[PDB]
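# All I have is the shape, not the residue letters:
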Ligand SMILES: Cc1cc2nc3c(=O)[nH]c(=O)nc-3n(C[C@H](O)[C@H](O)[C@H](O)COP(=O)(O)O)c2cc1C
Ligand SMILES: Cc1cc2nc3c(=O)[nH]c(=O)nc-3n(C[C@H](O)[C@H](O)[C@H](O)COP(=O)(O)O)c2cc1C
Ligand SMILES: Cc1cc2nc3c(=O)[nH]c(=O)nc-3n(C[C@H](O)[C@H](O)[C@H](O)COP(=O)(O)O)c2cc1C
Ligand SMILES: Cc1cc2nc3c(=O)[nH]c(=O)nc-3n(C[C@H](O)[C@H](O)[C@H](O)COP(=O)(O)O)c2cc1C
Ligand SMILES: Cc1cc2nc3c(=O)[nH]c(=O)nc-3n(C[C@H](O)[C@H](O)[C@H](O)COP(=O)(O)O)c2cc1C
């Protein structure tokens, strides 16, 4: 159903935008460097990816096409909520993807609200079964409100905070509505491995949720609520000046990814746009991502940056 | 192919603009002067042009129509990359024949200094009988085109073998020169600079259009410094070097704004491409009309010449 | 690539239409019957389908989703050109379901009597369908020779399994139907213009856009094709396909002289999402075809014949 | 719900039209008559109405506003399905409208499919309770199909045919999808008092029905099925050359009513367009209808017709 | 100026169309032939062209680009009014190519037998074409006297080289064809409405805009002109021109009764870019005309006749 909606409905934001359009990249006609010298290699969560890119979390045959491409290109990949795996270890055969992705970095996904019913061990089991290199918890009160699902988000930050110091790197992310600066403050003390701001502008899960319930978005404005990806990057970075940040949420082009990095991001993550190419097969997914990085490179090149790092600051507000 | 695209495709910028629309000219109803007294005469690169205008660089029969008009009106003209001439001296069939007096800036493009030197340059300005030489930088274009993508140490390779017999200038091809780009040139003894900013023709678009018959990465091709921003930024860094505003400065009124923001010369390329295909008379008509309005604009502004235009504009 | 284009490009016809819009169904407010009494059961190619519907030919994991649904609902299914199978040697999910193997006429120039039997064999198909498509092949720039294919079939015809001829969306004219009148075919698929234009799909694959629009709109509108072909082959069972995307349209198709409806492209996306989605699509289509036949006053696909008028 | 949909949804036909636009009225600049001499008086179902107009059937406080206006202007009125009254005689107090409409002609409404569960007496009781001057049965297989209600319309024409010869005049009508010529044939033998073709072009009850189920019309083409009001008039008249016919189904203006009459109708009936003015009160309803007849008169006047009858034939196909 | 207008103004017809859209080509999915066997070779005015195509008359450097392409592909070419040549006295690039000299009827009022021979002479043309255009001349406000021009030609006719009459885009009516039925012409160019409207081109030159739109839409649609003229001159070779801008349209043109297609304005811009560009344009046009004839079931421009129906 949710997969159906993302593929057939108007689930993207209609009024709010990532805000990246409000910034222009500083073009250096005389930055004097060679395109061949711009290196996208970037180490993330204890592994060296060939580009600062992560396939976004998506929730069976799609995962094998996504992963296969992740390996082929050398980029990371966040798995869909393995929440269903801790409930049916028999269903493990379908998230089994290491087979196609031997080396590729794989972030397992679970979602904070679950720490209210799962603990220390269960977690280890999940990262285990999947043979993941890390684990990501996603928070999403607005989505859950509109969906009318577990609507209780009390004391989840501490329940994590305590049982934290885990064997594998851990990161927190939203699902497209964004993480505010105060949200970043609430995480500043936990020893996280990284953060995914996943802001507004791309796919609105409040819309995806309503579309699943009515076959149309009945409360448009309610579903546009969120922190634009651009604002989220700036705000979160502002609070966590050193933790590696992932910009996701409508960062659908290489040029935009460059802007994302310039504003303070370290990694880019794309989800919905890969959903269709994933249905067509790994080759198609690899093609999509390949082209995205091909332009991210050219963008960094025109900016005068030799790598995702030197992009920082190379942008100005329109 | 490139000539085809500029003539048949959507090669102009779609979202980014020159930004000149963000400024209004300060109309002086009582500046108390006569239209007849506004003089466009302006000396550039060691020659006195009748108007602060340069026909933009364009790359065979078109050049003879452009030049012929350049003479007729007394404006300059930048030649297309004569890069092909240093490779096939036979095919040097030259426009001086139609343009005896007219100021002609030869064109070559920086990335070439990686394979050509001191002499070769002199030969080019020579063969053409040009009054100067212009090197153009364009990493973004070359990236999208997928051509020579190496721009390392080109500024110095020029810097050293610089002090040349003829005046030299650096220009972009429509994506613009940033203030830092102007900084990287501040030390070289250049004769002038052409900021050639975004807003007019996007060569990234022209390039993609040549490869797919359509622009596949629109946003990627809109990357650049708007002509208005480039004028302000570059002037800011090189307060005295003569500057050429080009890149979507398609009307006289816009040229006036360009000057007001800190430019000394205006340059137009693509818009002249079609009239050039129709003949010199048509090209002369176009440019004539442009200057006719530039004059009226300077007149309404209260400026007697391209110089007094400086500052006579405000941000909307 | 072709699968990519159908899923991402403007491959549907832009100017020519099926023409079904030119006809209105004769609504009988007092036909006096019960919706429950309208039966879609229809026997085709030696099997009894639960509705006069066939999943259109489409060319790997999609086929298993399409077939699984074909079984679930009791409708037929045409397989993609098994041409690739005779060069590099789904029943598992579809035990009972009627399956028409597909090959394409131009191949009889390089394959014969046996090879055919082998194909229907390997697939465990209930019949075999040859598709003709000169316009597509022209634009594609593929095998462009269609000489003597009708006879090469005509002779080696009388085959162990029922055989049918079809186009790929540009339609079969009345003269085309004449050229087939003598062959002992099991059925025909007019596959007319109005839905997906394979000339467009073909050009889109070559330029990422349709460069010769008008050239790709060439064809016989599905409505015209039904009328024309029926006119020539008054009894051979006919399949209406080519932009017959709704139940209401299917009803019109039948009313004009069709016996079966076939849908292709519209099922391509639901096929990528899985059998449940495909079954949902088709289920809904038949749900409306039934209501349409109901309002028309027809108790079955047959009584629909003639229950329509030109607007 | 149904009342909600007609008031808030796109329940009118989207592609099919009444078809009246395909005819132009024959304007007689020199028909040489006085506007004052065109008389709308027309006797229907044993009563003399002041204009060939009937308020369409609509299904509580609205009925009192509609009726009150019916009296005020001297036009008829068809009541909503009193089907609910034969099931809850206690609910009679709400259809009780004779109090406001002492004289006005009132056609009770019931709907054919009910003769499968009600008989001779029950009918008399309904016309009785309401103190109606006649009874109208409505057929609507397409609506019922889409609604998913009683979908069995077998032998309803005869069940009526036999127990017919009733104490009060009886008429058959559709609900907006129209009656075909064959439909008219199936009625040619029954001794009906009149017929309401109620064709397509105005409100599509298939759309109203789907809108109630999904909050949107999911099968547009399916809901456009029907006989355009113009076609229905011609076709039915063709079969029943003398039975008085009512043209309804998108005949929303006086000028259109004139066209309706010209094509062979005797009475015009309007429903949905009166629904909102009915919610505002009798005065508003009277205003609407008053204005409609004011233009019908002018139209008949320009046509050269002194009354609804002389309108017959005064129109041509564009 | 006129060259400027055609290149920069809205000189095409705005309301009237060629009318070719009113016909659909009869697609023969089973015409059973090979694309390779459709031959465009067609002999015209005493020469064998490789395709039934003629570059339209256009009026200096453009002509060398057009001609050079004419040779390259093997198609004909009509020269601009050489009227200016008989007042102030391209084969070099086009040695073999068929070249129709152009002059225009209204000139026979001031030029005679010899002068004509001189023109065809100087140009080394293979024939001569006179163009009539009262509507253009009216709007232009030029020589507006067209009296007795048909006879002045009629008499001094029987000329050493083949002669043909044409309009300039407003078309030749059936009666116009009647007035020519007696003269021994080599061929006719109906040059109908639907493409470039010279009344518009003319007004655009005078006001920089079309002030009397409806006045400039006056004319016989190319489709009607083909039918009407053919009707009167069942055997004289006919050229369809006037908005016949695509191969598919050319096919329709032929099907309705034309023998040759001629394109003008659409070649004007590629002509400004050079012969290669012009050749590309025409090459692509014939490439589709071939495919169209192929789908129609026609082996050559002749078998196309009648292979079309009215929509
Ligand atoms: C089909 C689909 C499934 C998803 N499943 C998950 C999931 O299981 N867990 C999660 O944390 N996010 C999930 N997401 C969210 C993305 O990882 C993330 O919210 C992103 O911001 C939305 O993609 P973006 O805007 O490019 O489109 C899913 C998104 C899509 C489209
Ligand atoms: C047909 C055409 C050919 C050109 N050729 C050259 C060239 O050889 N070298 C160069 O440095 N710029 C060339 N240019 C670029 C212009 O000189 C310059 O980039 C300008 O900013 C684009 O024109 P503008 O925006 O008015 O249109 C060419 C532009 C056009 C339209
Ligand atoms: C992805 C796709 C694959 C197809 N593959 C074949 C094929 O292998 N053989 C064939 O004869 N037709 C094939 N078709 C054509 C259809 O069977 C048929 O031409 C139909 O008329 C097009 O579907 P329709 O108009 O509903 O959409 C294919 C169509 C689609 C969309
Ligand atoms: C709120 C509403 C309630 C209705 N109730 C009935 C009803 O009970 N019985 C009936 O036979 N028709 C009913 N109708 C139908 C009308 O009498 C008739 O179908 C008409 O053709 C629709 O109105 P028209 O097209 O102007 O809008 C109802 C229509 C509306 C808008
Ligand atoms: C630039 C241009 C110049 C032309 N010059 C002539 C001419 O000298 N004599 C003539 O008879 N027709 C001339 N024509 C007309 C064409 O030969 C003919 O009228 C044709 O129908 C218009 O081209 P078509 O509709 O494809 O565009 C000219 C057309 C154009 C566009």
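All right, it came through fine. Numbers count the residues shown, from 1 in each chain, chains lettered A, B, ... in the order given. Ligands and ions are numbered 1, 2, ... in the order given.

# Taking the stretch 101-250 of chain A, what residue is nearest to ligand 1?
Closest approach between the stretch 101-250 of chain A and ligand 1, counting by CB to the nearest ligand atom: residue A:202, at 2.7 Å. Where you see a C-beta, it was placed from the backbone N, CA and C, and this is true even at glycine.

# Ramachandran coordinates for whatever residue of the stretch 101-250 of chain A ends up closest to ligand 5?
With CB to the nearest ligand atom, the shortest gap between the stretch 101-250 of chain A and ligand 5 falls at residue A:250, namely 47.6 Å. Residue A:250 has phi and psi values of phi 80, psi 20 when expressed as degrees, to the nearest 10.

# right, and it touches residue A:17 too?
Yes - at 7.3 Å, residue A:250 counts as touching residue A:17 under the criterion of CB atoms under 8 Å.

# And for residue A:219, the neighbour number?
Other residues lying near residue A:219 total 13 when counted by other CB atoms under 10 Å in any protein chain shown.

# got a list of what it touches?
Applying CB atoms under 8 Å, 6 or more residues apart in numbering or on different chains, one finds that residue A:219 lies in contact with A:146, A:210.

# quick one: it from ligand 2, how far?
Distance check for residue A:219 against ligand 2: by CB to the nearest ligand atom, to the nearest Å, it reads 47 Å.

# Quick check: phi and psi on that residue?
Backbone geometry at residue A:219, expressed as degrees, to the nearest 10, gives phi -120, psi 70.

# Please give me every residue in contact with the residue nearest to the residue of the stretch 101-250 of chain A closest to ligand 1 when sequence neighbours are not counted.
When the adjacent residues along the chain are set aside, residue A:202 lies closest to residue A:250, with 2.8 Å between them (CB to CB, 6 or more residues apart in numbering or on different chains). Contact partners of residue A:250, counting by CB under 8 Å, 6+ apart, are A:12-13, A:17-18, A:20, A:199-203, A:229, A:256.

# try it again with 7 Å
Listed by CB atoms under 7 Å, 6 or more residues apart in numbering or on different chains, the contact partners of residue A:250 are A:18, A:201-202, A:229.

# Equivalent analysis for residue A:294, please.
With contact set as CB under 7 Å, 6+ apart, residue A:294 has these partners: residue A:254.

# That one in helix, strand or coil?
Here residue A:294 is recorded as helix under DSSP: H, G, I helix; E, B strand; the rest coil.

# How much space separates it from residue B:216?
The spacing between residue A:294 and residue B:216, counted by CB to CB, to the nearest Å, is 11 Å.

# gap between the two ends of stretch A:90-107?
The distance separating the two terminal residues of stretch A:90-107, taken as CA to CA, to the nearest Å, comes to 21 Å.

# Does chain C have contacts with that stretch?
No - judged by CB under 7 Å from any CB of the partner chain, stretch A:90-107 stays clear of chain C, getting no closer than 13.1 Å.

# how distant is that stretch from the center of its chain?
In this view, stretch A:90-107 has its centroid 18 Å away from the chain centroid, taken as CA atoms, centre = their mean, to the nearest Å.

# Please apply the same query to stretch A:39-59.
Relative to the centre of its chain, stretch A:39-59 is centred 11 Å away, using CA atoms, centre = their mean.

# Also stretch A:108-121?
With CA atoms, centre = their mean as the basis, the distance from the averaged C-alpha position of stretch A:108-121 to the chain average is 18 Å.

# What are the contacting residues of that stretch?
Applying CB under 7 Å, 6+ apart, the external contacts of stretch A:108-121 come out as A:57, A:78-83, A:86, A:126-127, A:130, A:132, A:134-139, A:150, A:153, A:156, A:159-160, A:163.

# Can you list the buried residues in it?
Of the residues in stretch A:108-121, those with enough neighbours to count as buried (16 or more other CB atoms under 10 Å in any protein chain shown) are A:108-115.

# what secondary structure does residue A:157 sit in?
Under the three-state scheme (three-state DSSP), the conformation of residue A:157 reads as helix.

# isn't it right up against residue A:186?
Yes - look at residue A:157 against residue A:186 with CB atoms under 7 Å: they come within range, at 5.4 Å.

# mind listing the strands for chain A?
Under the criterion DSSP state E, strands of chain A are mapped to A:23-25, A:42-43, A:48-49, A:53-58, A:76-81, A:106-109, A:134-138, A:170-173, A:194-196, A:245-248, A:267-270, A:315-317.

# Quick check: which of these is buried the most?
Burial among these, expressed as mean neighbours by mean count of other CB atoms under 10 Å in any protein chain shown, is greatest for strand A:245-248, which shows a mean of 30.

# What is that strand packed up against?
Using 3 or more CB pairs under 7 Å, 6 or more residues apart in numbering or on different chains; DSSP states H and E, the elements in contact with strand A:245-248 are strand A:194-196, helix A:229-239, strand A:267-270.

# mind running it again at 10 Å?
In this structure, strand A:245-248 packs against strand A:53-58, strand A:76-81, strand A:170-173, strand A:194-196, helix A:229-239, helix A:254-262, strand A:267-270, with contacts taken as 3 or more CB pairs under 10 Å, 6 or more residues apart in numbering or on different chains; DSSP states H and E.

# Sheet-wise, list the partners of it with their directions.
The strands beside strand A:245-248 in its sheet (DSSP bridges) come out as strand A:194-196 (parallel), strand A:267-270 (parallel).

# For the shortest one, what is the distance to the chain centroid?
Put plainly, it is strand A:194-196. The chain centroid and the centroid of strand A:194-196 are separated by 8 Å under CA atoms, centre = their mean.

# Please list the residues outside that strand that contact it.
Strand A:194-196 is touched from outside by A:44-45, A:54, A:56-57, A:78, A:107, A:134, A:136, A:138, A:169-175, A:179, A:183-184, A:187, A:232, A:236-237, A:239-240, A:243-249, A:265-267, A:269, with contacts defined as CB atoms under 10 Å, 6 or more residues apart in numbering or on different chains.

# mind listing what's buried in stretch A:84-91?
By 16+ other CB under 10 Å, the buried positions in stretch A:84-91 come out as A:85-86.

# could you check whether it is close to ligand 1?
No - with CB under 6 Å from any ligand atom as the criterion, ligand 1 is not reached by stretch A:84-91; the gap is at least 9.3 Å.

# ends of that stretch, how far apart?
In stretch A:84-91, first residue to last residue: 8 Å (CA to CA).

# Now do it: distance to the chain's middle.
24 Å.

# Hmm, residue A:248 and residue A:260 touching each other?
Yes - with contacts counted by CB atoms under 10 Å, residue A:260 reaches residue A:248, the gap being 8.6 Å.

# overlap in contacts of those two?
The contact lists of residue A:260 and residue A:248 share A:18, A:197, A:199, A:229, A:233, A:267-269, where a contact means CB under 10 Å, 6+ apart.

# Widest-spaced pair of these?
Of all pairs drawn from the shared contacts of residue A:260 and residue A:248, the one with the largest separation by CB to CB is A:18 and A:267; the distance is 15.6 Å.

# which stretches of chain A form helices?
Secondary structure of chain A (DSSP state H): helices at A:2-8, A:61-73, A:120-130, A:141-147, A:156-162, A:181-185, A:205-214, A:220-223, A:229-239, A:254-262, A:272-280, A:282-303.

# for the last one, which positions count as buried?
So that's helix A:282-303. For helix A:282-303, burial by neighbour count (16+ other CB under 10 Å) applies to A:282, A:284-286, A:288-289, A:292-293, A:295-303.

# What of the fifth one?
Residues A:156-157, A:160 are the ones in helix A:156-162 that count as buried (16+ other CB under 10 Å).
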